[PDB]
Amino acid sequence: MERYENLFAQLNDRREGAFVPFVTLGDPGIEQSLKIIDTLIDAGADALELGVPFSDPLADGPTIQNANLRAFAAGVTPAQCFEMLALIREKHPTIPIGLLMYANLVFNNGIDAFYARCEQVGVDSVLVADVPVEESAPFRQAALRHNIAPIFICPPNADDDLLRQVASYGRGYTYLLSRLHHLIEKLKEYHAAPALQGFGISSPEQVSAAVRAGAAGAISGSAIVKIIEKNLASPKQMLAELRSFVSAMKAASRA
Amino acid sequence: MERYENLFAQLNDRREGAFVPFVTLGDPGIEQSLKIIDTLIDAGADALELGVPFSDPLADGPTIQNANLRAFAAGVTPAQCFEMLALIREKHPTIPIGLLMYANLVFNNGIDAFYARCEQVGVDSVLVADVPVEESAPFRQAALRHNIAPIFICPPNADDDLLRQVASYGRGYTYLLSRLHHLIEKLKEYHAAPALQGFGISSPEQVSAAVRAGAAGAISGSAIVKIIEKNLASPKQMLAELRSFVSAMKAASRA
Amino acid sequence: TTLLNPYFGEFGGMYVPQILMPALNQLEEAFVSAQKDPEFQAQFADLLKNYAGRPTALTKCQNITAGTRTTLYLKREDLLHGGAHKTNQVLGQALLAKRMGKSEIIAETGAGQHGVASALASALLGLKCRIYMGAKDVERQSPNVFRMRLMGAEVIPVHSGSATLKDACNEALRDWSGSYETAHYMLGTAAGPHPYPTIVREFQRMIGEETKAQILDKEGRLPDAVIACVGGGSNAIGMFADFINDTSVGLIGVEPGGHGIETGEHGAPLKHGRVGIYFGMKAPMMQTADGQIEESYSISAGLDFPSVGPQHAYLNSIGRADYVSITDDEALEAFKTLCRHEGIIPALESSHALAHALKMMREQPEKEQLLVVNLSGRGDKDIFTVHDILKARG
Amino acid sequence: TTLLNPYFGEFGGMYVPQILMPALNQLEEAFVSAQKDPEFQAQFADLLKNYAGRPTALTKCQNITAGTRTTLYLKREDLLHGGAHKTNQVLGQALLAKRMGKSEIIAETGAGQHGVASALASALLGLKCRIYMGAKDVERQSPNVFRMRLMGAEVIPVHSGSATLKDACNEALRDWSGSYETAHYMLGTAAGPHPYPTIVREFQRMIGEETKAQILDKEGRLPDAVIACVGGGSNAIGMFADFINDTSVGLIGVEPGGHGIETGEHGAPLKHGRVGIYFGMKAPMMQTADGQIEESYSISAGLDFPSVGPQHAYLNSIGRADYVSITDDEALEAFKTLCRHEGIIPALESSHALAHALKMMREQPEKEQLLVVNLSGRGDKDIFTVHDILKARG
Ligand SMILES: O=P(O)(O)OC[C@@H](O)[C@@H](O)c1c[nH]c2ccccc12
Ligand SMILES: O=P(O)(O)OC[C@@H](O)[C@@H](O)c1c[nH]c2ccccc12
Ligand SMILES: *Cc1c(COP(=O)(O)O)cnc(C)c1O
Ligand SMILES: *Cc1c(COP(=O)(O)O)cnc(C)c1O
């Protein structure tokens with residue numbers, strides 16, 4: 001949590017929005033994934049949203065599903081992901097790192113133990129995609145005891161009750177599904193964690209629009225992963241293309 | 001009828017039994033069939049039992065079914081059979097000629113017309129295999145009006161009522177299914193047409209046994225037809241083998 | 001002499017070799033006795049209900065008649081155990097066999113459907129079932145042959161003659177001629193020599209009796225017409241029997257028109273054949289000019305029969321029932337229509353009856369009429385046939 | 001907040017992305033409302049009876065138990081329209097969809113059996129049905145794919161991810177996340193997020209209610225045990241529900257043992273898996289040590305599921321129901337036994353339940369016991385599978 005609070009205070013002091021790339025850990029390989037992540041950071045990512053490949057990712061889109069498969073083909077496991085997380089924090093001490101998880105990988109060896117491991121490696125938040133607020137109690141409690149921000153998705157079909165719960169239970173950031181001015185206003189009224197818009201963000205103008213709408217930033221996943229997908233044969237070109245795309249999206253967030 | 005009456009009076013005057021070959025008209029071809037029939041007569045047949053190929057011969061045994069198929073392969077039709085019958089009578093004026101028919105070929109163009117055609121070509125009897133005495137009225141009436149002997153089968157499971165009907169309605173000969181001393185005695189008691197035993201007669205000893213049992217003779221079909229079946233490639237050998245078999249069976253019938 | 005009349009007008013009779021008459025007489029007597037025996041009836045009823053699933057539903061099909069003044073019900077014999085109406089009468093015949101002290105069943109089958117029905121009743125009632133089948137058919141009928149053997153029936157490939165159905169029937173009757181004291185020949189349709197047309201009808205008449213009670217319950221009146229496909233005639237006579245004396249109710253039998261009557265490739269002897277004698281009966285049949293029995297044809301194997309039951313020839317002659325024909329293409333369209341609009345996949349045999357009801361409806365859409373089609377069977381068995389035809393037609 | 005408890009002890013729940021909660025809440029409310037609506041009930045009853053063929057028979061199988069003190073009855077869901085119990089609940093769910101003002105159905109299927117069931121109810125009730133199917137399955141399921149399209153359903157081949165069922169489910173839920181105002185996701189078993197385990201059970205409970213009335217009528221007492229195969233758990237919970245408060249009646253669920261539990265190739269998560277969260281529920285599942293969902297296996301596609309419904313996990317935990325497993329070989333032997341001795345070809349899924357009853361009987365032949373097996377479906381669909389295995393085993 002502290003890293004997100006610190007990041008959003010700084011960005012706000014600069015009248016700037018956050019640009020947060022999402023990639024699947026291990027895609028397309030462990031080494032290439034670590035190089036991909038270092039490139040996104042050097043190119044300007046304010047935070048990272050990282051996926052741990054799961055066998056039955058009911059909510060991952062087509063592009064992401066293919067990223068999971070490439071990571072599984074490389075033999076990526078949750079344990080290797082945590083080793084990668086440790087190394088990423090060891091290289092970048094201040095960037096907020098958030099995980100996008102599926103319930104079973106968090107529940108598998110004990111919910112509390114999972115958040116303890118996140119704390120140990122330096123992860124800052126966890127969004128469990130298939131845990132709605134109604135089933136979130138054990139997850140959010142375990143997260144708070146280990147100083148990890150529990151992240152909730154505020155979908156387009158959210159009602160007032162959902163907004164209040166999300167504002168009350170979440171920390172770090174609120175994941176605002178783009179598929180909003182009103183949702184954003186109520187979240188602020190209820191003092192929710194800063195909102196980052198996610199879903200289909202692939203161009204600079206969408207990042208400026210998100211910030212202009214009142215969001216604290218934007219998340220981009222499929223657009224980043226497609227770049228990986230298209231350059232599997234030219235690792236060098238992949239990083240170069242990733243640097244260009246992230247750098248452009250981040251500039252869009254500046255005042 | 002007259003030819004059968006004349007034949008049985010002569011045979012009786014010689015204390016002799018009748019040997020009656022059965023063959024399918026047209027098997028294996030029209031010409032070969034006419035040569036086959038002339039050979040059976042020259043070799044000693046006292047009468048002939050001739051089949052007209054039918055498409056659905058529910059009562060023909062395996063050997064006979066194959067004879068029908070060979071005749072059909074040669075394109076034999078009932079009309080060609082009647083042409084063959086005319087020619088056979090034209091060559092042999094006294095030998096009784098009996099047909100083994102299936103009901104539909106007799107009923108097809110009119111029952112009466114069928115027996116009229118038999119009379120015209122010189123046929124002496126007709127056995128309609130699938131007409132039991134219970135359904136025989138139109139057939140036996142038409143036969144008598146045209147001086148053709150209506151032939152009935154006296155099966156092994158015959159009761160007294162059947163014996164009396166068969167004795168009363170039949171003329172020419174009674175077809176005694178071997179599958180008998182008692183059946184033969186009752187038939188004589190009821191003044192039935194002389195009996196010829198049929199079914200499985202293939203050796204000389206069966207012909208002598210039939211005559212000794214009181215039958216007036218015996219019919220042999222499958223044994224004759226198998227000879228045709230086995231020598232399809234050597235017409236000459238076929239006739240030679242047929243002459244030998246018929247000659248042997250006929251000798252068995254003599255006093 | 002017989003207990004019952006062997007004829008329906010000039011049609012029917014017992015045209016079998018003399019040696020089989022005692023077997024027919026024995027069967028007729030056991031059947032007459034069984035019909036007066038409340039215990040036999042209770043046992044047949046118990047099997048129909050608790051094993052076969054009777055009564056079968058009478059389903060109103062509203063989607064298919066939308067926009068017209070036709071109300072259509074389908075009598076659901078496709079829901080009967082085995083998937084077709086055949087099951088009804090093989091259970092009755094197997095009980096008759098036992099009544100006669102018999103422990104063996106002889107049957108013959110071409111398509112294999114009668115074979116399956118015979119085998120399942122035999123399995124259920126402890127009867128050793130042997131089914132004669134032309135070797136040509138065994139080869140072209142793997143699924144049903146396997147079903148028969150799974151159910152314990154001995155499937156005897158026949159190679160004699162032309163190795164087709166007629167050859168299997170021949171061998172079956174020969175067998176029966178020698179084994180009738182211990183074996184019963186289970187005929188699969190309302191045809192053949194007396195008493196079979198009568199027995200099969202009586203053992204299928206519950207189709208019509210139930211339909212009557214169900215339609216009176218739901219509509220409060222009888223149908224304007226009941227419609228059924230006609231191969232040998234068992235499901236149709238079963239549907240028609242109970243309505244014969246209800247003269248306001250039309251009885252429409254539908255023979256297969258195959259590629260079209262004019263092409264000669266059809267199975268519509270009743271309306272387009274000629275009276276003849278074969279298979280132990282005097283009846284309309286498809287025959288050559290000189291009397292050989294012609295080969296019939298239909299996209300539906302179950303309707304590919306060259307003759308028809310005598311009672312149908314008779315009902316036709318006196319004008320009590322009317323018979324029509326439906327082509328392969330019309331049957332296929334009815335098949336597709338029912339799947340899509342009612343979610344019921346009908347047998348291609350039954351699709352001929354449905355096709356004719358669809359024509360009565362479509363030709364006169366404003367004619368008010370209450371129709372019942374006998375859905376004789378389900379069509380899972382016809383999926384590959386239909387698939388390949390459609391694929392072939394792109 | 002929900003109207004009904006989403007859990008059965010610790011099992012169940014609603015583990016779906018937040019965006020799907022309104023669809024689940026909407027469904028739960030429509031279902032609670034429908035259950036109190038006599039008109040809905042009358043309509044569901046009318047379809048069950050006049051279209052699907054209920055009540056189904058309860059058949060006493062005397063041949064198979066001869067020589068033992070076991071009396072066995074088979075609840076005949078194989079006689080239900082469609083050939084399996086699945087039909088019951090898809091008709092109820094399609095009526096719920098209409099109650100919610102929906103005209104579209106979303107389903108996904110692997111083996112294709114749920115697909116066929118969804119498609120037939122949709123055809124009948126005027127619903128546009130779209131079925132997601134992994135491209136790998138479409139290729140290996142020609143027959144059922146054709147059946148689905150014959151019935152008007154749009155079969156959508158999925159190539160995303162690994163192109164298997166999980167990929168079809170994914171796409172199906174995504175679709176549903178955006179279309180739920182006009183489309184209903186028809187789940188095919190008693191699993192997934194609340195309210196589905198509850199809805200499916202209630203829409204299959206007539207199996208058990210009828211069985212109770214039929215057994216009391218015929219035997220004058222309740223069964224010592226009712227036995228049913230368990231994939232996701234719908235036919236078994238449908239059979240078990242009405243007997244849950246009859247504590248003298250054993251409830252035995254049979255999971256597929258595949259090639260043997262010890263080989264790891266099975267579909268028995270309830271007794272040999274580990275609690276996890278997936279497919280929207282907390283339940284026993286087959287999973288790797290680090291939490292990936294394992295692949296399950298059974299000779300029977302319908303039982304090839306890596307988890308089990310939560311109510312079963314719960315009944316097991318409190319000891320009200322007992323669960324066992326039956327291997328491919330034991331299921332195959334039960335399949336052959338029923339065909340040969342009763343003339344009924346059972347689904348290979350159902351053969352697992354029958355196999356377990358045969359074992360209870362054979363292991364203790366002098367134990368007096370009244371058993372009912374839920375014959376969930378017919379096995380015409382399994383003839384080639386069984387044939388090839390047997391041929392392979394010479
Ligand atoms: O790919 P997009 O359209 O840019 O949206 C990011 C999203 O995919 C990523 O944050 C994500 C991956 N898996 C998820 C599961 C649930 C919610 C969100 C996610
Ligand atoms: O072939 P066998 O066993 O010798 O029997 C003569 C018999 O076949 C012949 O007379 C015959 C041919 N077809 C028939 C039909 C019915 C009765 C008798 C026959
Ligand atoms: C056998 C069959 C028929 C044809 O026989 P009928 O005796 O004329 O009824 C019709 N429908 C189905 C489904 C069949 O299996
Ligand atoms: C689908 C199927 C099953 C398995 O599913 P459950 O939900 O566990 O009932 C069982 N039997 C048959 C015949 C099936 O088609």
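Judging from the entry metadata, X-ray crystallography is the method by which this structure was determined, and 1.90 Å is the reported resolution.

**Student:** I keep staring at the overall build of chain A and nothing clicks. Help me out?
**Tutor:** Looking only at helices and strands, chain A has 12 helices and nine strands in total. For chain A, whose C-alpha radius of gyration is 17 Å, the value lies close to the compact-globule estimate of 18 Å for 255 residues. Its C-alpha atoms put chain A at 50 × 45 × 30 Å along the principal axes.

**Student:** Would you take a moment to explain the interface of chain D and chain A for this structure?
**Tutor:** A common way to state how big an interface is: give the accessible area lost once the parts meet. The interface of chain D with chain A comprises 32 residues on the first partner and 33 residues on the second. For the pair chain D and chain A, the two sides together bury roughly 2600 Å², of which 52% comes from carbon and sulfur. Area buried by chain D at its contact with chain A is led by D:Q18, D:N170 and D:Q292, which between them contribute 24% of it. Our count for the chain D to chain A interface comes out at one salt bridge. The closest approach of N and O atoms between D:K166 and A:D56, which form a salt bridge, is 3.3 Å. Counting the contacts that link chain D with chain A gives 20 residue pairs in polar contact. Elements supplying a minimum of two residues to the side of chain D that touches chain A: strand 2 (11-15), helix 1 (21-35), helix 8 (165-179), strand 11 (274-278) and strand 12 (280-285) of chain D. Here the side of chain D that touches chain A gets five residues from one element, more than from any other, and that element is strand 11 of chain D. For the side of chain D that touches chain A, the per-class residue count stands at 15 nonpolar, 12 polar and five charged.

**Student:** I would appreciate a short explanation of the site of ligand 4 in the present structure.
**Tutor:** Residues and elements named next belong to chain D. Residues in contact with ligand 4 amount to 18 residues; listed here are only the nearest, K86, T189, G231, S234 and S376. Separating an oxygen atom of ligand 4 from a side-chain N or O atom of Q113 is a distance of 3.3 Å. Within the backbone of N235, one N or O atom sits 2.9 Å away from an oxygen atom of ligand 4. In isolation ligand 4 offers 380 Å² of accessible surface; the protein chains occlude 97% of this area. A domain-level breakdown of the shell around ligand 4 finds at least three residues from each of domain 1 (8-52 + 86-204) and domain 2 (53-85 + 205-390).

**Student:** Before we go on, may I ask you to explain the relation of the copies chain D and chain C in this structure?
**Tutor:** One chain copy maps onto the other through a rotation about an axis and a shift parallel to that axis. At an RMSD of 0.0 Å, chain D and chain C line up after a rotation of 180° and a shift of 0.0 Å along the axis. Viewed as a symmetry operation, the transformation between the two copies matches a two-fold axis. Taking C-alpha positions as reference, the residue of chain D nearest the rotation axis is D:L79, located at 3.1 Å. A share of 100% of the interface residues of chain D reappears at the interface of chain C, consistent with the copies meeting face to face through the same patch.

**Student:** Any chance you could explain the site of ligand 1 here in plain terms?
**Tutor:** Residue and element names in this part refer to chain A. As a structural note, the neighbourhood of ligand 1 is formed by 13 residues, with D60, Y175, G200, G221 and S222 the closest of them. One of the backbone N or O atoms of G200 is found 2.7 Å from an oxygen atom in ligand 1. A distance of 2.7 Å is found between an oxygen atom of ligand 1 and a backbone nitrogen or oxygen belonging to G221. Burial of ligand 1 by the surrounding chains reaches 88%, relative to a free accessible area of 440 Å². Partitioned by chemical class, the residues of the shell around ligand 1 number eight nonpolar, four polar and one charged.

**Student:** Is there a simple way to explain the domain arrangement of chain C in this structure?
**Tutor:** All names here are of chain C. Domain boundaries assigned for chain C yield domain 1 (8-52 + 86-204) and domain 2 (53-85 + 205-390). Taking the mean C-alpha position of each, domain 1 and domain 2 sit 23 Å from one another. Listed per partner, the contact involves 36 residues of domain 1 and 36 residues of domain 2. Three residues stand out in domain 1 for area buried against domain 2, namely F11, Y15 and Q204, and they jointly supply 23% of the buried area on that side. Note that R205 and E202 form a salt bridge whose closest N and O atoms lie 2.8 Å from each other. Our count for the contact surface shared by domain 1 and domain 2 stands at 20 residue pairs in polar contact. For the side of domain 1 that touches domain 2, the class distribution of residues is 20 nonpolar, 11 polar and five charged.

Cut-off values and rules
- Numbers on residues come from counting from 1 along each chain's written sequence, not from the entry itself, and any residue without coordinates is not displayed.
- Chain letters and ligand numbers both follow the written order, the letters beginning at A and the numbers at 1.
- The basis for every side-chain value is the complete set of non-hydrogen atoms in the structure, without hydrogens or water.
- Residues with missing side-chain atoms are left out of burial classes, side-chain pairs and their counts.
- Runs of H or I in DSSP of at least four residues are treated as helices and runs of E of at least two as strands, each being numbered from the N terminus.
- For a compact globule the rule gives 2.2 Å times the number of residues to the power 0.38, and the radius of gyration it is set against comes from C-alpha atoms.
- The criterion used for residue contact is that any of the two residues' heavy atoms lie within 4.5 Å.
- Buried surface area refers to the total accessible area, computed with a probe of radius 1.4 Å, that the two partners give up upon joining, counted for both partners together.
- Whenever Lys or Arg places a side-chain nitrogen within 4 Å of a carboxyl oxygen from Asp or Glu, that contact is recorded as a salt bridge.
- Under the rule applied, a polar contact is a pair of N or O atoms within 3.5 Å (in protein, one hydrogen donor and one hydrogen acceptor; residues adjacent in sequence only if both atoms are side-chain atoms).
- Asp, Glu, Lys and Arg are counted as charged, while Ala, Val, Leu, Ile, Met, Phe, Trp, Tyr, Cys and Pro are counted as nonpolar; the rest, among them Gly, fall into the polar class.
- Residues are counted as near a molecule or strand when any one of their heavy atoms sits within 4 Å of it.
- A 1.4 Å probe and the Shrake-Rupley method give the accessible areas. Residues count as covered only by the protein chains that appear here.
- Start and end positions for the domains come from either an automated domain assignment or a database one.
- Least-squares superposition on the C-alpha atoms is how the copies are aligned.

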